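Below is one structure; the comments refer to it alone.
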Amino acid sequence: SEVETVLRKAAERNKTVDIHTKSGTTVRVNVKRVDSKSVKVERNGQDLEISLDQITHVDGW
């Protein structure tokens, strides 16, 4: 996946980024894991998963 690579890129540098989803929701989180289906993120110490299919693009580097 194209955007997957971008989450991976952020995870590589342990970056906190803004993730834009299908619901128009923008979550600014730290990338925990990137698999070819979904991405695990971290918000305020909470671990959360987001599906790659629901991710549109990353901003906020």
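Order determines the names: the first chain of the structure tokens is A, the second B, and so forth; residues in each chain are numbered 1 upward, and ligands are numbered 1 upward as they are shown.
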
Residue set, chain A restricted to strand (DSSP E or B), as a PyMOL selection string: chain A and resi 16-21+26-34+38-43+46-51+55-59

Kindly export the residues of the current selection with C-alpha atoms, as an mmCIF file, in the first residue's frame.
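The file below, selection_35.cif, is the result:
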data_model
loop_
_atom_site.group_PDB
_atom_site.id
_atom_site.type_symbol
_atom_site.label_atom_id
_atom_site.label_comp_id
_atom_site.auth_asym_id
_atom_site.auth_seq_id
_atom_site.Cartn_x
_atom_site.Cartn_y
_atom_site.Cartn_z
ATOM 1 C CA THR A 16 3.869 11.646 15.736
ATOM 2 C CA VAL A 17 1.717 12.486 12.727
ATOM 3 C CA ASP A 18 -1.833 13.338 11.832
ATOM 4 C CA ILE A 19 -3.752 10.538 10.213
ATOM 5 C CA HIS A 20 -6.716 11.314 8.035
ATOM 6 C CA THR A 21 -9.443 8.695 7.904
ATOM 7 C CA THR A 26 -7.955 13.364 11.885
ATOM 8 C CA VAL A 27 -6.064 11.690 14.659
ATOM 9 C CA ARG A 28 -2.663 12.837 15.668
ATOM 10 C CA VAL A 29 -0.834 9.876 16.991
ATOM 11 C CA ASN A 30 2.466 8.064 17.190
ATOM 12 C CA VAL A 31 2.906 5.040 14.914
ATOM 13 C CA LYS A 32 3.309 1.754 16.781
ATOM 14 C CA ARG A 33 3.011 -0.870 14.023
ATOM 15 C CA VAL A 34 2.394 -1.142 10.280
ATOM 16 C CA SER A 38 -3.849 -2.021 9.448
ATOM 17 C CA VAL A 39 -1.700 0.241 11.528
ATOM 18 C CA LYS A 40 -1.385 0.380 15.249
ATOM 19 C CA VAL A 41 -1.056 3.788 16.724
ATOM 20 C CA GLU A 42 -0.623 5.453 20.062
ATOM 21 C CA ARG A 43 -2.777 8.275 21.389
ATOM 22 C CA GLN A 46 -3.570 4.444 24.496
ATOM 23 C CA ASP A 47 -2.964 1.929 21.803
ATOM 24 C CA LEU A 48 -5.320 2.035 18.899
ATOM 25 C CA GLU A 49 -5.610 0.343 15.535
ATOM 26 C CA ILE A 50 -6.626 1.837 12.295
ATOM 27 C CA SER A 51 -7.172 0.004 9.127
ATOM 28 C CA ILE A 55 -6.579 5.737 6.018
ATOM 29 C CA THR A 56 -6.462 8.311 3.259
ATOM 30 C CA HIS A 57 -3.141 10.165 3.904
ATOM 31 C CA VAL A 58 -0.674 11.400 6.559
ATOM 32 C CA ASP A 59 0.211 15.008 7.478
#

Residues within 10 Å of residue 5 (chain A), only C-alpha atoms, excluding chain neighbours under 5 positions, as JSON, numbers by chain: {"A": [10, 11, 34, 35, 36]}

Keeping only N, CA, C and O atoms, write the selected residues to a file as a short mmCIF file (atom, residue, chain, number, x, y, z; two decimals), in the first residue's frame.
data_model
loop_
_atom_site.label_atom_id
_atom_site.label_comp_id
_atom_site.auth_asym_id
_atom_site.auth_seq_id
_atom_site.Cartn_x
_atom_site.Cartn_y
_atom_site.Cartn_z
N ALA A 10 6.90 7.03 9.12
CA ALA A 10 6.70 7.71 10.39
C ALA A 10 7.13 6.84 11.57
O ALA A 10 7.76 7.32 12.50
N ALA A 11 6.81 5.55 11.51
CA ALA A 11 7.19 4.59 12.56
C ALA A 11 8.71 4.47 12.66
O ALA A 11 9.26 4.37 13.76
N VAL A 34 2.94 -1.21 11.63
CA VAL A 34 2.39 -1.14 10.28
C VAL A 34 2.38 -2.52 9.64
O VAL A 34 3.43 -3.12 9.39
N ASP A 35 1.21 -3.02 9.40
CA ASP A 35 1.04 -4.29 8.71
C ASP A 35 0.26 -4.04 7.47
O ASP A 35 -0.39 -3.00 7.35
N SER A 36 0.28 -4.97 6.56
CA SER A 36 -0.44 -4.82 5.34
C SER A 36 -1.92 -5.16 5.51
O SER A 36 -2.40 -6.23 5.10
#

Picked from chain A by DSSP as alpha helix (DSSP H), as a ChimeraX atom specification: /A:2-12

Take the residues just selected and output them with N, CA, C and O atoms as a tab-separated table (two decimals), in the first residue's frame.
chain	number	residue	atom	x	y	z
A	2	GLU	N	0.37	2.29	-0.65
A	2	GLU	CA	1.08	3.54	-0.81
A	2	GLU	C	1.16	4.28	0.53
A	2	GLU	O	2.26	4.54	1.02
A	3	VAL	N	0.02	4.56	1.13
A	3	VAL	CA	-0.01	5.29	2.39
A	3	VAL	C	0.64	4.47	3.53
A	3	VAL	O	1.23	5.02	4.43
A	4	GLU	N	0.51	3.16	3.44
A	4	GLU	CA	1.16	2.20	4.36
A	4	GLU	C	2.65	2.51	4.52
A	4	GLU	O	3.18	2.53	5.64
A	5	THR	N	3.28	2.80	3.42
A	5	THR	CA	4.68	3.13	3.37
A	5	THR	C	4.95	4.41	4.17
A	5	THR	O	5.98	4.56	4.82
A	6	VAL	N	3.98	5.29	4.15
A	6	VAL	CA	4.07	6.57	4.80
A	6	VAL	C	3.96	6.39	6.31
A	6	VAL	O	4.70	7.01	7.08
A	7	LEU	N	3.05	5.52	6.74
A	7	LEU	CA	2.94	5.20	8.18
A	7	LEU	C	4.20	4.50	8.66
A	7	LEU	O	4.69	4.78	9.75
A	8	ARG	N	4.72	3.61	7.83
A	8	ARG	CA	5.96	2.90	8.11
A	8	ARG	C	7.10	3.91	8.27
A	8	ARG	O	7.87	3.83	9.20
A	9	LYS	N	7.15	4.87	7.35
A	9	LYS	CA	8.13	5.96	7.35
A	9	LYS	C	8.09	6.72	8.68
A	9	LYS	O	9.13	7.02	9.28
A	10	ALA	N	6.90	7.03	9.12
A	10	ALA	CA	6.70	7.71	10.39
A	10	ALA	C	7.13	6.84	11.57
A	10	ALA	O	7.76	7.32	12.50
A	11	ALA	N	6.81	5.55	11.51
A	11	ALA	CA	7.19	4.59	12.56
A	11	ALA	C	8.71	4.47	12.66
A	11	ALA	O	9.26	4.37	13.76
A	12	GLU	N	9.37	4.51	11.51
A	12	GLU	CA	10.83	4.40	11.43
A	12	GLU	C	11.53	5.50	12.20
A	12	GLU	O	12.59	5.29	12.78
